[PDB]
Protein chains: 2
Amino acid sequence: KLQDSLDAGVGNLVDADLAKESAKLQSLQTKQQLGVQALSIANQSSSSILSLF
Amino acid sequence: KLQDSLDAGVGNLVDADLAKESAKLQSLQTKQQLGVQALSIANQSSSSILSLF
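Residues numbered from 1 in each chain as written, not as in the entry; some residues may be left out. Chains lettered and ligands numbered in written order. Part of a larger assembly, values for the part shown. Heavy atoms only, no water.

- For this deposition, the record names cryo-EM as the technique by which the model was determined and cites 2.53 Å as its resolution.

Here it is as structure tokens:
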């Protein structure tokens, strides 16, 4: 019983809760897609100058 | 007879009624699957934002 209690304590110390990761992962993939699109929009700033000349 | 009465009283104090557990177990299994499906539906809320960009 003491061995099982020590294993349960190690699991309480280190084990991740994957159910939270199931949402946070998809949120981060949506966030990286939005960040890539925002960087693609920011990259275009130099093109506006060409119209002026 | 006294020892038999004492053992019957201990059984009245601590023993479970397993016939009720036989229904509660199946109901809780169905409820657990339904909760897993509902949480899986809840995880997907971020995906709708990608359609707007």
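### Concerning the overall build of chain A
Then step 1. Counting secondary structure elements, chain A contains three helices and zero strands.
Then step 2. Secondary structure elements in chain A, listed N-terminal to C-terminal, are α-α-α.
Then step 3. Here the C-alpha atoms of chain A give a radius of gyration of 24 Å, more than 25% beyond the 10 Å that 2.2 N^0.38 yields for 53 residues.
Then step 4. Looking at chain A residue by residue over its 53 residues, the buried ones come to 2%.
Then step 5. A total of about 4,900 Å² of accessible surface is found on chain A, and carbon and sulfur atoms cover 59% of it. (Helix = DSSP H or I, 4+ residues; strand = E, 2+ residues; numbered from the N terminus. Rg over C-alpha atoms; globule rule 2.2 N^0.38 Å. Buried < 20%, exposed > 50% of the residue type's maximum accessible area, 1.4 Å probe, protein only. Areas by Shrake-Rupley, 256 points an atom, 1.4 Å probe, with all protein chains shown as cover.)

### A few points about a nonpolar patch on the surface
Residues and elements named next belong to chain A.
Then step 1. Together, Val10, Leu13 and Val14 give the surface a local cluster of nonpolar side chains, amounting to about 340 Å² of exposed area.
Then step 2. Here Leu13 shows up in helix α1 (residues 2–14).
Then step 3. Relative accessible area serves as the criterion here: at 73%, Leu13 is assigned to the exposed category. (Patch = residues over 30% accessible without salt bridge, like charges linked within 9 Å, V, L, I, M, F, W, Y side chains within 5 Å. Salt bridge = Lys/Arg side-chain N within 4 Å of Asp/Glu carboxyl O.)

### Notes on the interface of chain A and chain B
Then step 1. Counting from both sides, the interface comprises nine residues of chain A and, opposite them, eight residues of chain B.
Then step 2. Interface area for chain A against chain B, summed over the two sides, is near 660 Å², with a carbon-plus-sulfur share of 62%.
Then step 3. It is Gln26, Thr30 and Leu34 of chain A that lose the most area in chain A upon contact with chain B, and together they represent 57% of the buried surface on that side.
Then step 4. Between the two partners, chain A and chain B, sit zero salt bridges.
Then step 5. There are zero residue pairs in polar contact connecting chain A and chain B. (Contact = heavy atoms within 4.5 Å. Buried area = accessible area lost by both parts, 1.4 Å probe. Polar contact = N/O pair within 3.5 Å; in protein donor to acceptor, adjacent residues only side chain to side chain.)

### Considerations on the environment of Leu52 of chain B
All names here are of chain B.
Then step 1. Locating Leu52 in the fold gives a position in the segment after α3 (47–51).
Then step 2. Under the relative-accessibility criterion, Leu52 is labelled exposed at 70%.
Then step 3. Residues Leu52 and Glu21, 31 residues apart in the sequence, show an inter-C-alpha distance of 49 Å.

### Examining the pattern of salt bridges
Residue and element names in this part refer to chain B.
Then step 1. Summed over the entire model, instances satisfying the criterion amount to two salt bridges over all chains.
Then step 2. Here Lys24 ties to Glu21 by a salt bridge, and the two come within 3.0 Å at their closest N and O atoms. With a gap of three residues between them, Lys24 and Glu21 both fall in helix α2 (residues 18–43), about one helical turn apart.
Then step 3. A residue is classified by how much of its surface remains accessible, and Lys24, at 43% relative accessible area, is partly exposed.
Then step 4. Judged by its relative accessible area of 32%, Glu21 is partly exposed.

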